[PDB]
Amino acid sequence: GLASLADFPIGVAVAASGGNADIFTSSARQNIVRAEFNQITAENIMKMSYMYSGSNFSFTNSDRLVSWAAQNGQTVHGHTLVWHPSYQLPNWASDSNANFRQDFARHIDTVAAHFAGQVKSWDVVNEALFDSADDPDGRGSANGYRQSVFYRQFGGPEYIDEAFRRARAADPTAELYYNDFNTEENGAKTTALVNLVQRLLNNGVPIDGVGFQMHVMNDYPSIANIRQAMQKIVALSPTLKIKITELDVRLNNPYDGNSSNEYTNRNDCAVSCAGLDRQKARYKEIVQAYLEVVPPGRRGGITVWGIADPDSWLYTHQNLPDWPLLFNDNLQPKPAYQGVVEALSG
């Protein structure tokens, strides 16, 4: 399968919360993972609050998944040690908590140490950059940084430095990544990413690489912009790695100012459409851009954000259907899959 075609990780996000996509119950999905991939990311169950049961740490469910990976040919990318969304914040992660900075330290120290030797790499900090699409409380930018509870408590971006040093100290063997979305657009957020990373480098922070989530549409952003955005980060350092962490590709673009070019019906791309053919070319050009701009040393992996289309967080978006992944609803490989094969093989 796909992983045989590369000498860097080829990974997939897996579900473990019941429902049809849950990897523990779906032998069809288990079989695809073992045949095609050599790394998994937990789609959900390694987020912050999942490390607790009440006020105590609990690693039961995540240990099960990490063990499954070790038994079935997969390394693990840990997603994620620090991340703002309140749905996954531990209860300690609150402006009402006098013990914040200590509880933050305990979090990173405990979790990173717990998984030492079992988890290859981590998203140490995820989504530290401001994004208007992504500001439900209307906090606004602090010179490009998200004013998350971590930022507010530390009084600035120093939490990022601390998270990285603590992770490094707790598990010196893991590759440590900073992860974010929309940074492939090569606009304002990419600039903010440059600022963020440069500051970490200036401070001597043990960041090993940068993750681009790569939640793209078929025709936006342009591949030239994707390529240049990566180039800008590669140029910051002679050793900084680049990983594509959450790749998926939406046929439909509701943000292009043209509402006449959508596939509005689930049946539209059930079998064949211009969209699935473009999606093949889109996966292929992105895996090509990555290879062309990221030197081999420095390639930390490519991961797609789920196995089969109905598992995707983008299966429906903006009340429209989409088909974002490499396998279809019947778990058959799509043209997308072939696009990856062609890219990997040259």
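We number the residues from 1 along the sequence you see.
Here 144-152 and 188-196 are compared by their mean Cα B-factor, and 144-152 comes out higher. Remark: stretch with higher mean C-alpha B factor among 47-55 and 303-311 is 47-55.
Highest CA B-factor among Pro90, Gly204, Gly117, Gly211, as stated in the entry: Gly117. Remark: of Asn265, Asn179, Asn225, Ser132, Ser132 shows the highest value [criterion: C-alpha B-factor in the PDB entry]. In the deposited entry, the Cα temperature factor of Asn328 places it in the lowest third of its chain's modelled residues. Ranked within its chain, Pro254 lands in the middle third, by CA B factor from the PDB record. Remark: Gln288 belongs to the lowest third of its chain, ranked by C-alpha B-factor as recorded. In the PDB entry, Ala163 places in the middle third of its chain by CA B-factor. Per-chain ranking of the deposited C-alpha B factor places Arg298 in the lowest third.
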